[PDB]
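Asks: Just passing along the structure, written as structure tokens.
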Amino acid sequence: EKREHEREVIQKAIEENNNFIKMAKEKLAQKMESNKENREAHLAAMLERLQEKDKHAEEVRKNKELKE
Amino acid sequence: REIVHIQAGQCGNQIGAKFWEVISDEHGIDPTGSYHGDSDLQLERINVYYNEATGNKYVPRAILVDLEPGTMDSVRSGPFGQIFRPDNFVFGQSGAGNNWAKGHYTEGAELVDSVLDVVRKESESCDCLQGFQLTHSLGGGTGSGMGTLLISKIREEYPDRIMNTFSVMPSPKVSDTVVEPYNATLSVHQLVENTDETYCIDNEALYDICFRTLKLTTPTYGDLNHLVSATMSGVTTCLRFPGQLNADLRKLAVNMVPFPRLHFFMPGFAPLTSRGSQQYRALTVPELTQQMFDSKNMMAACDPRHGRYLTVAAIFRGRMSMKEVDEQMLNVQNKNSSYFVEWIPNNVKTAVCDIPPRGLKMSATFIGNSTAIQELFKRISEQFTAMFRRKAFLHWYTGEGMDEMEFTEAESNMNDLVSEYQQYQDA
Ligand SMILES: Nc1nc2c(ncn2[C@@H]2O[C@H](COP(=O)(O)OP(=O)(O)O)[C@@H](O)[C@H]2O)c(=O)[nH]1
Ligand SMILES: COc1ccc2c(c1)NC(=O)CN2c1nc(Cl)nc2ccc(F)cc12
Ligand SMILES: [Mg+2]
């Protein structure tokens with residue numbers, strides 16, 4: 001019985017050293033992925049409105065051509 | 001009847017090494033393994049502790065074990081370091097970091113089989129193997145955690161040989177780290193189950209004896225270990241030398257241990273001496289006898305007047321009258337007969353050996369199975385729960401697999417042990 005216990009304790013220290021490398025590795029990848037989407041989503045929002053600005057400069061120039 | 005010696009970790013190897021120096025000098029064996037002595041009394045029982053090598057050299061039957069290469073290299077560099085059979089240096093490299101769990105479950109597990117292999121080679125050489133004696137401390141990690149793991153495994157391979165330890169108790173007065181009470185409670189649980197005989201070498205008592213009685217203002221481990229080698233030579237006298245007794249570990253265990261778990265002995269020594277300085281008046285047999293029973297000479301910080309002596313062995317070394325020994329020993333009993341149990345008749349036994357230890361002309365070594373040793377196990381139980389009630393420092397151990405439960409069991413077994421010693425103090 002005592003040796004059964006002795007190997008269960010070393011199996012736990014391994015189990016937990018491992019679960020800890022695991023959850024770190026995963027916590028990282030989750031963060032790095034949510035960060036690319038967020039930063040991109042933000043850069044996309046900036047462009048979508050910088051370009052909606054270009055569409056309004058078409059509409060404005062096409063109005064002065066409805067002057068002549 | 002061969003004995004197999006094992007010393008494990010920082011403390012077990014440092015005192016382990018002094019023991020072999022000390023007794024190598026008493027048996028006239030030198031640092032090369034060559035005998036250069038006067039009396040035949042020195043070689044008649046040399047085989048109990050030494051193996052006889054070709055060229056008629058003597059090699060200690062000693063297995064040296066550490067999770068760290070540090071101390072063990074210092075042994076090999078020490079004065080008698082060359083005497084030790086080099087194959088018997090078994091050691092890892094990671095260390096055990098004063099952590100019982102690393103000694104017992106992770107780091108020690110890796111290394112234990114290689115130790116068990118050198119133990120096996122030595123046992124097989126043996127003609128009639130009495131058993132084993134281990135030197136370790138209970139307060140670090142190697143000697144404490146791995147040490148008891150070895151003791152568990154030896155008892156599985158050799159279930160019917162005697163297991164004897166010299167266990168150094170930790171003390172805030174001489175402490176490396178704050179987890180020593182944790183490490184020692186875990187070990188004491190092991191020791192109650194798996195040894196026949198353990199000598200409780202308290203570092204508290206070694207410290208006070210160094211400070212109060214030897215007047216050493218700032219005692220080193222070398223000062224403590226001088227006391228430890230004196231006691232160790234003492235208690236092993238009647239195993240290494242010829243006398244009327246001619247004892248062995250088993251007879252020792254039969255007569256000293258009335259109840260299997262109460263096998264924790266208080267050693268004591270007289271005269272207390274400090275290294276180097278030799279005083280020149282020999283003692284008188286009455287002096288040895290009063291001093292050796294003196295609490296100031298006990299190597300376990302317990303007051304013998306707070307318990308009862310279950311059994312007692314006393315060993316006298318030097319040229320002296322066995323009449324006066326008989327008389328002086330019969331007199332301390334019948335003067336303080338209250339402190340010996342009535343229900344083990346004639347529980348004090350005495351032996352004499354002609355050869356005194358080096359430096360002294362006459363000496364008395366005391367081995368007491370007193371119920372006052374509970375005071376030691378209470379002291380440590382208090383320091384244990386002082387932290388454990390807040391689960392302090394526990395992570396060092398839960399990190400290596402251990403459960404809180406394992407601590408509750410060890411704590412609980414020790415409080416049981418103290419209750420058991422308390423039962424017989426009233427009987
Ligand atoms: N009497 C004595 N005690 C020691 C000595 N070395 C260490 N200790 C005690 O042992 C405890 C430390 O355990 P230690 O054996 O050094 O750790 P280990 O190397 O992992 O076994 C401390 O509480 C010290 O008081 C020594 O040389 N003499
Ligand atoms: C209390 O009753 C006994 C106590 C001890 C013993 C004993 C009976 N009888 C035995 O045969 C072994 N023996 C001893 N063993 C060892 Cl190793 N050292 C000793 C040193 C001094 C001494 F007085 C006895 C022993
Ligand atoms: Mg240390």
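Lettering and numbering for the structure tokens are positional, with chains as A, B, ... in the shown order, residues counted from 1 in each chain, and ligands counted from 1 in the shown order.
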Select the residues contacting ligand 2 at a distance of at most 10 Å, based on only C-alpha atoms and all ligand atoms, then format the selection as a PyMOL selection string.

Replies: chain B and resi 234-240+244-257+310-316+344-353+364-369

Asks: Limited to C-alpha atoms, could you put the picked residues into a file as an mmCIF file, in the first residue's frame?

Replies:
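Listed below is the output, part.cif:
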```
data_model
loop_
_atom_site.group_PDB
_atom_site.id
_atom_site.type_symbol
_atom_site.label_atom_id
_atom_site.label_comp_id
_atom_site.auth_asym_id
_atom_site.auth_seq_id
_atom_site.Cartn_x
_atom_site.Cartn_y
_atom_site.Cartn_z
ATOM 1 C CA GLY B 234 29.463 5.142 23.692
ATOM 2 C CA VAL B 235 26.162 3.472 22.701
ATOM 3 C CA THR B 236 27.979 1.212 20.221
ATOM 4 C CA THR B 237 30.657 0.109 22.731
ATOM 5 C CA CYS B 238 28.982 -3.172 23.718
ATOM 6 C CA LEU B 239 28.666 -4.148 20.072
ATOM 7 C CA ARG B 240 32.281 -3.483 18.949
ATOM 8 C CA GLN B 244 30.753 -9.975 29.649
ATOM 9 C CA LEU B 245 27.818 -8.591 27.633
ATOM 10 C CA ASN B 246 28.907 -8.898 23.986
ATOM 11 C CA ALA B 247 25.615 -7.480 22.776
ATOM 12 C CA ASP B 248 23.858 -7.195 19.420
ATOM 13 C CA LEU B 249 21.094 -4.997 18.057
ATOM 14 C CA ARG B 250 18.339 -7.588 18.632
ATOM 15 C CA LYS B 251 19.038 -8.367 22.290
ATOM 16 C CA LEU B 252 19.341 -4.614 22.741
ATOM 17 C CA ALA B 253 15.863 -4.133 21.222
ATOM 18 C CA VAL B 254 14.285 -7.014 23.182
ATOM 19 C CA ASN B 255 15.397 -5.684 26.552
ATOM 20 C CA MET B 256 14.957 -1.943 25.945
ATOM 21 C CA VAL B 257 11.563 -1.865 24.145
ATOM 22 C CA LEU B 310 10.950 2.295 31.341
ATOM 23 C CA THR B 311 14.375 0.704 30.867
ATOM 24 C CA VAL B 312 17.999 1.806 31.157
ATOM 25 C CA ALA B 313 21.325 0.604 29.789
ATOM 26 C CA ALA B 314 24.572 2.104 31.133
ATOM 27 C CA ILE B 315 28.080 1.517 29.799
ATOM 28 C CA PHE B 316 31.285 2.300 31.739
ATOM 29 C CA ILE B 344 9.459 -3.853 34.911
ATOM 30 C CA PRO B 345 11.585 -5.382 37.699
ATOM 31 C CA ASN B 346 15.327 -4.737 37.550
ATOM 32 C CA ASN B 347 15.094 -2.492 34.471
ATOM 33 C CA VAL B 348 18.604 -0.965 34.811
ATOM 34 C CA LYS B 349 21.435 -3.025 33.319
ATOM 35 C CA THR B 350 25.125 -2.105 33.258
ATOM 36 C CA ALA B 351 28.208 -3.213 31.328
ATOM 37 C CA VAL B 352 31.919 -2.391 31.426
ATOM 38 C CA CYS B 353 34.643 -2.292 28.780
ATOM 39 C CA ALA B 364 29.999 6.615 31.233
ATOM 40 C CA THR B 365 27.459 6.415 28.382
ATOM 41 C CA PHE B 366 23.743 6.396 29.269
ATOM 42 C CA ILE B 367 20.866 4.949 27.184
ATOM 43 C CA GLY B 368 17.438 5.716 28.629
ATOM 44 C CA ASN B 369 13.962 4.704 27.444
#
```

Asks: Give the residues of chain B that lie within 7 Å of chain A; count only C-alpha atoms, and format the answer as number ranges by chain.

Replies: B: 105-106, 399-402

Asks: Could you save those same residues with N, CA, C and O atoms as an mmCIF file, in the first residue's frame?

Replies:
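Output (part.cif):
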```cif
data_model
loop_
_atom_site.group_PDB
_atom_site.id
_atom_site.type_symbol
_atom_site.label_atom_id
_atom_site.label_comp_id
_atom_site.auth_asym_id
_atom_site.auth_seq_id
_atom_site.Cartn_x
_atom_site.Cartn_y
_atom_site.Cartn_z
ATOM 1 N N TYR B 105 9.551 11.344 -2.085
ATOM 2 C CA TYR B 105 8.593 11.084 -3.159
ATOM 3 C C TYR B 105 9.085 11.427 -4.565
ATOM 4 O O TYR B 105 8.790 10.693 -5.508
ATOM 5 N N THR B 106 9.805 12.524 -4.758
ATOM 6 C CA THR B 106 10.260 12.864 -6.101
ATOM 7 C C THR B 106 11.750 12.593 -6.265
ATOM 8 O O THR B 106 12.142 11.539 -6.771
ATOM 9 N N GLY B 399 3.292 21.175 -3.909
ATOM 10 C CA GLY B 399 3.924 21.241 -5.211
ATOM 11 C C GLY B 399 4.630 19.981 -5.640
ATOM 12 O O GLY B 399 4.938 19.849 -6.827
ATOM 13 N N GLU B 400 4.923 19.067 -4.724
ATOM 14 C CA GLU B 400 5.608 17.831 -5.084
ATOM 15 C C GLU B 400 4.702 16.627 -4.933
ATOM 16 O O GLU B 400 5.194 15.503 -4.905
ATOM 17 N N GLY B 401 3.396 16.838 -4.822
ATOM 18 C CA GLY B 401 2.423 15.767 -4.824
ATOM 19 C C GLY B 401 1.682 15.594 -3.522
ATOM 20 O O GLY B 401 0.637 14.920 -3.507
ATOM 21 N N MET B 402 2.175 16.164 -2.424
ATOM 22 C CA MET B 402 1.628 15.774 -1.141
ATOM 23 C C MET B 402 0.297 16.453 -0.908
ATOM 24 O O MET B 402 0.012 17.530 -1.425
#
```

Asks: May I ask you to write as a PyMOL selection string all residues lying at most 12 Å from ligand 3, with only C-alpha atoms and all ligand atoms counted?

Replies: chain B and resi 9-14+66+68+70-71+95-99+136-144+170+174-180+221

Asks: Just the selected residues (N, CA and C atoms), exported as a CSV table (one decimal), in the first residue's frame, please.

Replies:
```
chain,number,residue,atom,x,y,z
B,9,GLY,N,22.5,12.5,3.7
B,9,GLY,CA,22.3,13.9,3.7
B,9,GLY,C,23.4,14.7,4.4
B,10,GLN,N,23.3,16.0,4.4
B,10,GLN,CA,24.2,16.9,5.1
B,10,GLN,C,24.6,16.4,6.4
B,11,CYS,N,23.6,16.3,7.3
B,11,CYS,CA,23.9,16.0,8.7
B,11,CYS,C,24.3,14.5,8.9
B,12,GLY,N,23.6,13.6,8.3
B,12,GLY,CA,24.0,12.2,8.5
B,12,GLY,C,25.4,11.8,8.0
B,13,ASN,N,25.9,12.5,7.0
B,13,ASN,CA,27.2,12.3,6.5
B,13,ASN,C,28.3,13.0,7.4
B,14,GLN,N,28.0,14.2,7.9
B,14,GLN,CA,28.9,14.8,8.8
B,14,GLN,C,29.1,14.1,10.1
B,66,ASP,N,23.7,10.8,-0.6
B,66,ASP,CA,23.2,12.2,-0.5
B,66,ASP,C,22.5,12.5,-1.9
B,68,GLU,N,22.8,15.4,-3.0
B,68,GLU,CA,23.7,16.5,-3.4
B,68,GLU,C,25.2,16.0,-3.3
B,70,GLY,N,27.8,18.0,-2.6
B,70,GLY,CA,28.5,18.8,-1.6
B,70,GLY,C,29.2,18.1,-0.5
B,71,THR,N,28.4,17.8,0.6
B,71,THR,CA,29.0,17.2,1.8
B,71,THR,C,29.8,15.9,1.5
B,95,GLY,N,20.0,17.9,-5.4
B,95,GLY,CA,19.6,18.3,-4.0
B,95,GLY,C,18.2,18.0,-3.7
B,96,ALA,N,17.9,18.2,-2.4
B,96,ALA,CA,16.5,18.0,-1.8
B,96,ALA,C,16.0,19.2,-1.2
B,97,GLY,N,16.7,20.3,-1.3
B,97,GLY,CA,16.2,21.6,-0.7
B,97,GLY,C,15.5,21.6,0.6
B,98,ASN,N,16.0,20.9,1.6
B,98,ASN,CA,15.4,20.9,2.9
B,98,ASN,C,13.9,20.5,2.9
B,99,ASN,N,13.5,19.7,1.9
B,99,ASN,CA,12.1,19.4,1.6
B,99,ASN,C,11.9,18.0,1.8
B,136,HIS,N,21.1,10.2,10.3
B,136,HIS,CA,20.4,11.2,9.5
B,136,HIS,C,19.9,12.3,10.4
B,137,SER,N,19.5,13.5,9.9
B,137,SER,CA,18.7,14.4,10.6
B,137,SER,C,17.3,14.3,10.1
B,138,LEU,N,16.4,14.8,10.9
B,138,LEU,CA,15.0,14.8,10.6
B,138,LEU,C,14.5,16.1,10.0
B,139,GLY,N,15.4,17.1,9.9
B,139,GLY,CA,14.9,18.5,9.7
B,139,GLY,C,15.2,19.0,8.3
B,140,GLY,N,16.1,18.4,7.5
B,140,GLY,CA,16.3,18.7,6.1
B,140,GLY,C,15.4,17.8,5.3
B,141,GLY,N,15.9,17.5,4.1
B,141,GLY,CA,15.2,16.7,3.1
B,141,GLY,C,15.7,15.4,2.7
B,142,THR,N,17.0,15.4,2.4
B,142,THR,CA,17.6,14.1,2.1
B,142,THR,C,17.5,13.1,3.3
B,143,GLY,N,18.3,13.4,4.4
B,143,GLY,CA,18.3,12.4,5.5
B,143,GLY,C,16.9,12.2,6.1
B,144,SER,N,16.1,13.3,6.0
B,144,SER,CA,14.8,13.1,6.6
B,144,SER,C,13.8,12.4,5.7
B,170,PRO,N,15.5,18.5,15.2
B,170,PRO,CA,15.8,19.9,14.9
B,170,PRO,C,15.5,20.8,16.1
B,174,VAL,N,19.3,25.8,16.6
B,174,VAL,CA,20.2,25.5,15.5
B,174,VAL,C,19.4,25.1,14.3
B,175,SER,N,18.9,26.1,13.5
B,175,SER,CA,17.9,25.7,12.5
B,175,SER,C,18.3,26.3,11.2
B,176,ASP,N,18.3,25.5,10.1
B,176,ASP,CA,18.5,25.9,8.8
B,176,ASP,C,17.3,26.7,8.2
B,177,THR,N,16.1,26.2,8.4
B,177,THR,CA,14.9,26.7,7.7
B,177,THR,C,13.7,26.5,8.6
B,178,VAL,N,12.6,27.2,8.2
B,178,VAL,CA,11.5,27.1,9.1
B,178,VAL,C,10.6,25.9,8.9
B,179,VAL,N,10.9,25.1,7.9
B,179,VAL,CA,10.1,23.9,7.7
B,179,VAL,C,10.6,22.7,8.5
B,180,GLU,N,11.6,22.8,9.3
B,180,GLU,CA,12.1,21.7,10.0
B,180,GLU,C,11.0,21.0,10.9
B,221,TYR,N,28.5,23.5,14.2
B,221,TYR,CA,28.1,22.1,14.1
B,221,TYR,C,29.3,21.2,14.5
```

Asks: Can you list, as a ChimeraX atom specification, every residue of range 145-332 of chain B that DSSP puts in alpha helix (DSSP H)?

Replies: /B:147-157,180-194,203-208,221-235,237-240,249-256,285-292,322-332

Asks: Would you mind reading off the distance between CA of residue 59 in chain A and CA of residue 47 in chain A, one decimal, in Å?

Replies: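 Taking CA of residue 59 in chain A and CA of residue 47 in chain A, their separation equals 18.4 Å.
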